[PDB]
Structure formats: structure tokens, C-alpha cells
Amino acid sequence: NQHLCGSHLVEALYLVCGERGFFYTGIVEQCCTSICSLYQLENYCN
Amino acid sequence: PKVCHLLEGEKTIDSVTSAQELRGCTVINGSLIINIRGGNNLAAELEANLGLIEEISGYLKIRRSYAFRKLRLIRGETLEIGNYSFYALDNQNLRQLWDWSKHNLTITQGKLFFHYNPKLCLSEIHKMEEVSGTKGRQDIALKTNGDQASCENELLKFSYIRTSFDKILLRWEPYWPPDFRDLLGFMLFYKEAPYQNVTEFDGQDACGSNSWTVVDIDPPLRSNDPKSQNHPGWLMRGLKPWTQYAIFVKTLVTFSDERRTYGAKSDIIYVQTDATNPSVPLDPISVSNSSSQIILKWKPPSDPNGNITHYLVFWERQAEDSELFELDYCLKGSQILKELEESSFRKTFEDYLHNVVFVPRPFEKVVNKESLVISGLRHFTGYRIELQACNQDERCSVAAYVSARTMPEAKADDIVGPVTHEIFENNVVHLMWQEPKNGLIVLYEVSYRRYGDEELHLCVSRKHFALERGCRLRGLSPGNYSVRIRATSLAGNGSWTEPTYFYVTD
Amino acid sequence: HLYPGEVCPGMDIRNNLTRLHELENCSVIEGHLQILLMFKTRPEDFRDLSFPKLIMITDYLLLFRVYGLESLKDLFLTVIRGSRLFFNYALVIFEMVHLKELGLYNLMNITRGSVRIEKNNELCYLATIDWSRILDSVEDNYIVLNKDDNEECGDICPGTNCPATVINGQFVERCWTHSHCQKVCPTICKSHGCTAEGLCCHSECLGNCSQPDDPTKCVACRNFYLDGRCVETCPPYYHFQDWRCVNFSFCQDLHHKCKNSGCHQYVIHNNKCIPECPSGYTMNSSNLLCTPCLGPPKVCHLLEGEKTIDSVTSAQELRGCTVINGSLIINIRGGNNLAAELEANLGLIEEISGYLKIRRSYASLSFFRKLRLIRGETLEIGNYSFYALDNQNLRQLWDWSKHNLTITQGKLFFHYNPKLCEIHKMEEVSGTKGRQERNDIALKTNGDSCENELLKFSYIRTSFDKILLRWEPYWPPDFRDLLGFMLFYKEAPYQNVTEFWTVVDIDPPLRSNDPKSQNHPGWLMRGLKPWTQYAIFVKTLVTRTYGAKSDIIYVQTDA
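Chain order of the listed sequences is C, B and A. Counted the way PDB author numbering counts, the first sequence spans residues 3 to 27, 31 to 51. Counted the way PDB author numbering counts, the second sequence spans residues 336 to 402, 409 to 479, 483 to 677, 717 to 744, 785 to 816, 820 to 863, 866 to 934. Counted the way PDB author numbering counts, the third sequence spans residues 28 to 103, 106 to 188, 194 to 269, 271 to 296, 300 to 334, 336 to 402, 405 to 462, 465 to 491, 494 to 545, 556 to 598, 604 to 619.
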């Protein structure tokens, strides 16, 4: 992995956030170009 | 060794006709300029016309060659302006200089030149420097060489090799670029290769005379479970039994703006189709050189479907037609780039969407022979002979049927035994002679002549011969008569019997 | 009233269905409607969810992973204005897992944008949607990767009870779902609308009307809305959001609310309540009017100092901008009217403080109608002010016979432009001559024949199988540059053949000092079919010497 990109990123983010949900008031260049730890993955999600 | 001296010290080859002049030359005195830009099937005639060359005197210059098997030594007593012995310029389509697992080149004097060769990967250039011996004598345009090419750097491995008489099933490890969207699919190149010396670039001309058939395969459904990663594969059909094929695959990948994702290629592999039944052996011709000897010859089946072992033969005695035993014969009478742009468009739309939405906080077995001789045959009898080709001792092909009639025996129809005659009171002469023990006698001819009179002929059929136990002449004039008898057979007429004399009383 | 419901702000709905009820009362959405990232949902959660109040969308509609939704015929709308787009598109449906049929039988027109319906593995009744009557331009539509595209849809239109239209030469019925068809108005009505009897509506209605020819009975106005009446323009009222007209009081309260608290201090100019005064006008505190300011435009500070223009929505942010304190990168990948929309959004830009950059813009640079100065304070890696790379279909930069441009500092860059001529002309115009290094402009990757000279054939003779074609010699200013001549000829059944062929290479003639004994280049090609016409022209080859070319002549062999 370490790229968790495309149609896989949404599934991964839902699997890591099946209960609390995401946020609304960057995903690609942070999570697709390079490695992408669980830290920013939850940072995105509430 | 045929040495050809070029005029004015240099010869330019810009066409097949120009290359025809150096046909059969092995040492060329002068220098060569090769700038072929178009033509149909250029590789084969260029090989036939210039391949025999072994030593070149001047400099070898590839230039604007948009569209060398025995060369090993380049002396370069003459060097190009700037003292280069190799000048490779403006080679758009050049992908392989030589096959370097086999080919050797030697350079004596001069330098090298590699500028504007988009599909000449640099590895080939350094390997040229190694084999030539020019290392340290330099010339190589790093930006304009190998820049527009698929410089793959990953090796693929197959897993599930299967076989069939008309199928090969293949599977291989799935591969993914760092960003999995870039992978567009897999191509498989397969061709019929009698031997194991086939290069990937054989039979690749710009005009579409491709020798490696292309199969495009989509990526497999990428599963999150590593234990459920399906092996991409492809089954090919309509293949020829026991024919050596060459198979390898190469991956297609988009071009990242930041880091080059080269992809992967698979080493060329060789597969053998499973052997099956062969076809009917061609040209069965059966002849007879004797009354008891028949020779059969045949041609091998067109498709051996494997290594032939032996032929299965059966011959049968055929009875004569029943109608012959009853008849009385005495009676008278661009797409790639458009798809790349489309894929990039889909990828960039998805990227923009993601950035916007997310916000952080009897039988015989002939072996090794194509002819047979069979004895133990009755004289002048037809034989029905069959022939089945077998490539394994069982699996034999359908039989091939041929008929051969044995030669007749010369003295078999001859009437053996003297002719006996009986005289009755009514001037009727009864003639009796012994029937021969070729095939079936059809009739007999009885010729009797009175002394001083013309010959008289009578036909005695086998019906008459059996019924009367010979023949009966009636109404003869008194006198002395000489009679001769001849037997008629299927093969031909027999020999006339010795004359017999009988007298009719007045 | 024309719209019995209220007006409502642009909303975003995620992670639950409690917030969707906020659409209960608002009939027109001033903004964009997003229903995205709904995972836990089931079809039983949408059985009784209806919004018949919503009629018109101003910006766009984005659907993204609403699990359990099968059809929108029970959830919803006649016009989607599309003032602000979502990556060129006014209707985006992406990864709608369970959507079977669109069901938007109430939709009639999209004034701006396109439609994307992608990665929907259960969607049906696509081919029964006639996109022509909905959008003025349809080639931008991008509908692939659907169950309809796999030919697994059993598209059964109601009835023949639904209207049928001819698409790609095929007469196919149009229907949204198994119970609703596509309302096709008579061609005379245009976009005004037609009644259940098909009677054309009033000229200010848009889409549909309860009554024919009456400005207070439509379902959606065409130009602007006022007091339940559709009017071409609004009389002390001011235009707002291009769709409705509000009085001075309304714009006043909007301005006050945001000074009492991203938000534009709204102004009034040319009798429209617009969010900021245009270029060259100033902000009058007394009456919120735009008065003509003396001397120094609309300054638009780009975030981070660099912005990429990848689609129309990105270009919309720069509307009305004059000085761009930043750098631009153009990464367009395809679309229709791209010159038109890019020119409309960016025709007012005059200065770029940083560097101008063009990368992989597959789909001329004329849309920069007034770009005149590039200060080049910020340069690309390698101290570059203008950078042009992998522009597949780039042909022209600007019409230098009329356009002027100056580069203060920096070098240029042009690699991999297969159809781009003009570079030396730009170097001359912008004062950049003498600055580019080696390999700064690639020699053969650019333009891989902008001949400006015309060749003339000298002698022509024909036979049933052989023809000799003879033309006037050419000599460049440096005769050593002349490499040869390329002769082109093919079969030409008609005289409509263009230069974009069998090519023959011909060496330059031997150079003689006697003009009378001058040798002219020519060739005799054989194997020609008798009584057959061919299109023929010759091109010069040189090592700027632009070379010479010949017009397309037509020559017929003898019978």
C-alpha cells in the first residue's frame, strides 16, 4: 500500500471511520504521492 | 572472402537497391552511410544483402534512419569529422542496436556518437562502450537518448503453466505501479518459434508485418486481502500441436510528471503443445512386381502432431465379382496516446473530486520406413491395403486405403492335357479337354479346319463347357479335320493346344 | 407565486440523513447541493423522502456514494443554472453504488456546463435520455463505466407512449424510468417550454409553465425573476446572482451583515448588486456605487503564490481579474469551447507578476486577450519565465501582427510541441533575444514545417503510366542549409484533398554559376494508373530558413 489511492482511499477511510464520520468546514498529494500513515487519515475524519 | 572496394572512399545506402551492391561482400574497403527511411520488410533483405560483411574500413553512420549480423571489427583508419568511428544520429525508431547476449563488436580507432535516439535506452549504449573497448575514449546525449522509450526495469514471472493440443493456459504474478491507477493493462506477444534463438525484435517492421501476435489484457480486480490477490492470466486457443511457441508479456503504464514509473517485462519462455493424433499419410501408391509380391509406398502425413513412431498396415484378399461366374461372353456384343489522455483525464477528475470533498481540520508395423513389401499372395488377385500412421506405440491416424492386383502367371491359363474326341453315327464330334486348375476362365475358343478348307471358329462358354463337359460339333462335312483349343481368362487368352486330327466318315 | 417556496443557501450534507430535511421548504437553491459520503443508508431510509418543492439549482448538483438510493424520481427540479461549475460539469454522479435509474423527469434544461455520470454499476435508462434537448453543447458529456455501457440494461420505456428522437442516426424512445418519459416540446418553443397540450410558453419562461404565455405561471424564469414575474431585466431594483433581482435594501442588508461580522462587501454597478466593483472603479462608502477611479484594475492575490488552471471552475475564480500577483500553470486536458470559456474568464488579465507555465495542455494561446506584461519576479526551476512543455495540439501563441507582449526578465522554454511553429517571433517581440541557452529551445521536438514561400512547377508532362513533374529551383540564404526536396503525390478522386501521401526524396540540383544553364530539380514517377487524377505538391528541406512549399496540383494520366 502506502499509496491508498483512487477507489481504495474512500473504502479505507470508511473502514477506519465506520462510526464517527468525516468533516466539512489535500488528500491526493498527502496520501497518494507519498506514504500515508493512520495519523492524517484520522485527522481528515472528525 | 569477397572484399568490395567502395567508390570515392564512401558509399551511402539509402535504399534496398543501394544495399544490393554490397551483396556477398565480407570485407568492405571505404566507409558506409546508412539512411534508410522507408520500405517494406527492410530487415530481411538488409540481412541478406549486408549481413555477410565482417570488417568495414571507414566509419559506420546511422543517420535519419526512421524506418548487421556478421560485423565484428571496425578498423577506422578513416575517422569522421571530429574523429568518430560510430555516428548514431536522429534514430527515431531505433530500439535495439544488436542482440548483446550473442553479438560481439570490436573497434580499433575513433569515437562514438549517440545524439537524438529517443528509443535507444542508455544501457545499450554503455554496453556498446564495454564491448567495443572505447571506455575512456570519449558523445552520448543523455537527454535525447532513451528519453522516449519504455525502459522497463522489472522482471515478471509466470506461475501456472498448462498445456493442451490447442491451448496453453498461463498465469503470472500481478504487478502494480506505485500509483495503481497508472496500470492500463498487459500485452502478451506470442509467435511460433521452431528454435530457441528468437529475439524480441525479429519481425517488427513499421509497416505492420509484425511476427509477435498481440493480446491485450485488462488489470484484475485489486482485492484488499493479500491472500485473495487473483493471478492475472489468459488462455489462448487455436494453437498447433507439438509446435514450439515463444511467449512473453510486457506491461503498459502511464507517465508520471514527477518520477518515472518504468513498468515490467517478462523473460521469453518456450512452451510445447500436447501431442495428438496425426493425419492420414499422404500419397499411398501400391504396385505389384510379382504374382506374389506387392510393394506399398507412402508419404508422411502433413501434420506430424508429434514424433512419428510406426505405421499400421492390413492387407486383405478380395474375391472376384460374382457376376463374372454367370455371364456368357460368347454372345455378340495515435490510439495509444488518445487512450493515455483519456485515462489521465479520468484520473485527474477523480483526484480533483477527492481534494474538494475531503477537508481536514494379417498386419504389419513398419518402423522407420515409408515403404513395405508383402509376400504370401495368390497370383493375380486384388488386395485391399490400409495404412495408419502412429506417432506413439496406442494412437494411430485414420487408415488410408489402396488396392493392388498381383501379376498373373503366364502358364496358369494354359490348357494342360491332350484333346480327346468321340465320333457318333450322326457325324457329331464330341471334344473333351481338361480345364486348367489365372482366376476364372470365362470361355474357350475351338478352331477346326478341314484339309484344304478355311478355318472355322467356335466359342465355348464356361456354361457350355460345364454343361457339355467340352463341346459337340454337329453337321460337319465328311473329311479330315484338325482342331486346336485355346483358353480365355480374365488376364488374357491362353496358349493354343496341340492339333488333334479326327476323320468324319462319308 | 412563481416560486411558492423560500430561498436557501448552498448546503453540504454528509454522514447522516437528519440534515436532508433542511430542503423541506426551499424551492430554489442559491448555491450548490451536495449529497455525498452516505454509507450507512438503506433503501428503507428513502422510501418516503420527497422534495417536490425544489425547482431550480443555481450552481450544480454532486452525488457521491449515497448508499441505498435507487432512483431520484421520488427524491426530487427543472433547471440547473450552472453559474459556478464543478470541474466543467453541472451534474456529477460519481460512485452511486445502487442508483438504478435517474428519474429526473422534471428536469428540462442546463444553461451552463456538462453532465458526468461515472462508475455507476447499476444505473439504467441512460440511452433513453436525449441530452441534446437539455444542453446546448453535448460533446462534453462524459458517461462511461456504467451497467448501461455493459449492455446489461433492460431499458423498457413506458408504453409507444414516450416521445422518440434520432440519436447517432437511430430512432430511439426517450424515457427516464419505466413510468415516466422525456417531455419533448415542439421545436418552436425552444427553451421556453410547452404545456401538457404542448403550447409554447411565454418568452421569459424556462422549461415548463402552468399556463401558456404568461410571465407569472412558468416554473422557472429564463433571464431574471421578480415578484413572481419573469422579466428580461428588472427596472430601482438591481440584478443579483444572474437569476433574481433585489432592491437596494436587500444588498444593503447583505453588506451590513458582513461588515458586522470570505464574504464580499457587495457593491452596485450598472444596476446590478455584484460582489466587487469591476476593474478601474472604486468603492464609494456613501451609496455603495462604483465610481470611476483615476489611474490604478482588479488585483487578485493567488494563494501560496501559485495556482493551477485545470478546469473551468478554476478559471472562474479569476473572473474580472487584471493583475495576477502570482504564477499560472495551465493543465487543461480536454473539452469543448475551451478557447471560448477560458477567454471569457481570463480575457481581462493583463499582468502576471510571476512566470507563465504550460504543461500537458492537450486541447492556441489567444485566449489571453490582453496579457501584455510578465514581470517574472518568480521563475521556474532554471530561471525560466515562460515554460511550454508537452503541448500536443498547440499551434499558435499569439497573432503578433496585432498582439504585443514584453518579458521583463527570464528565459524561455519549449520542448515536445509536435505542432507548434512563432517561437523566434516571440523572442523578437518580447525582448528575450540573446537570453536562451543551448537546449532551451529543442530543435526538432518543436513542430515535428512552417513554410512561408511558394514553389512553382516549371514543366509538366503526362502519360498513361508515367508523369514527369518539374518545378523552380530553391536556394536558401545559406545554400549549405538546403537538404533536398520532398515530392508528395497520391490518388485524388476529387480536388478536396489536403496536405494532412506517397513521399519521394529528391536531391538539390547541382549548383551552376550560369543562370541560363541553371539546373532545375525534378522527378519522373511511374506505375501510375491511366486516366487517373492525383494530388501533387513538393516541399523543400533545409537545416530561420523556413524553406519553401508548393500548392496542391491535380494531374490526370492519359486514357
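Where is the CB? At the ideal position from N, CA and C, for every residue including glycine.
Taking CB distances under 8 Å as the criterion, tell me whether residue i reaches chain A.
i	result
C:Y49	no
B:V631	no
B:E421	no
C:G23	yes
B:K460	no
C:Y26	yes
C:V12	yes
residue 865 of chain B	Missing from the coordinates is residue 865 of chain B; the shown part of chain B jumps over it, going from 863 to 866.
B:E724	yes
B:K487	yes
Are any of the Cβ atoms in chain B nearer than 8 Å to that of residue i?
i	result
A:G373	yes
A:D169	no
C:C7	yes
A:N482	yes
Quick check: residue i and residue j, are their CB atoms within less than 8 Å of each other?
i	j	result
C:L46	C:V18	yes
B:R372	B:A402	yes
residue 818 of chain B	B:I415	Any question about the placement of residue 818 of chain B has no answer from these coordinates, since chain B jumps from 816 to 820.
residue 404 of chain B	B:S917	The model of chain B omits the segment between 402 and 409, and residue 404 of chain B is among the residues lacking coordinates.
A:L102	A:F78	yes
A:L174	A:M125	no
B:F502	B:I613	yes
B:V854	B:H847	no
A:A119	A:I146	no
B:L527	B:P585	no
A:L327	A:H307	yes
B:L640	B:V828	yes
B:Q492	B:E465	no
A:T211	A:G132	yes
A:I84	A:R113	no
A:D349	A:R398	no
A:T107	A:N242	yes
A:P197	A:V218	yes
A:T447	A:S473	yes
Taking the straight line between their C-alpha atoms, what separation do you get for residue i and residue j?
i	j	result
A:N434	A:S400	8 Å
A:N541	A:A590	9 Å
B:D672	B:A919	17 Å
A:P538	A:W556	14 Å
A:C153	A:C215	14 Å
B:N445	B:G365	22 Å
A:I201	A:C252	29 Å
A:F123	A:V93	10 Å
B:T653	B:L626	16 Å
A:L461	A:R410	19 Å
A:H226	A:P271	27 Å
B:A550	B:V558	15 Å
A:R413	A:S392	11 Å
A:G417	A:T475	12 Å
With a threshold of 8 Å between beta-carbons, can residue i be considered close to chain C, or not?
i	result
B:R744	yes
B:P563	no
A:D39	yes
On the premise that residue j lies in contact with residue i, defined as a C-beta separation below 8 Å, what is that separation, rounded to the nearest angstrom?
i	j	result
residue 482 of chain B	B:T605	Note on chain B: numbering goes from 479 to 483 directly, and residue 482 of chain B within that interval has no coordinates.
A:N149	A:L128	6 Å
A:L514	A:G477	Not quite, the Cβ-Cβ distance comes to about 43 Å (not below 8 Å), so this is no contact.
(request) Can you give me, in chain order, the residues of the stretch 43-74 of chain A that have a beta carbon less than 8 Å from any beta carbon in chain C? (result) Cβ contacts with chain C come from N43, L64, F66.
(request) Anything in the stretch 726-741 of chain B with a Cβ closer than 7 Å to a Cβ of chain A? List those residues in chain order, please. (result) From the stretch 726-741 of chain B, only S727, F728, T731, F732, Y735, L736, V740 have a Cβ closer than 7 Å to chain A.
(request) Quick one: which residues of the stretch 115-129 of chain A get their C-beta closer than 7 Å to a C-beta of chain B? List them in chain order. (result) Under the 7 Å Cβ criterion, the stretch 115-129 of chain A contributes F116, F123.
(message) Closer than 8 Å between beta carbons: that is the criterion. Which residues of the stretch 499-530 of chain B meet it against chain C?
(response) So the list reads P522, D523, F524, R525, given in the order they occur along the chain.
(message) Please identify, using Cβ separations under 7 Å, the residues of the stretch 566-583 of chain B that lie next to chain A, in order along the chain.
(response) Of all residues in the stretch 566-583 of chain B, none places a beta-carbon less than 7 Å from a beta-carbon of chain A.
(request) Quick one: which residues of the stretch 31-43 of chain C get their C-beta closer than 7 Å to a C-beta of chain B? List them in chain order. (result) Listed by position along the chain: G31, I32, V33, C37.
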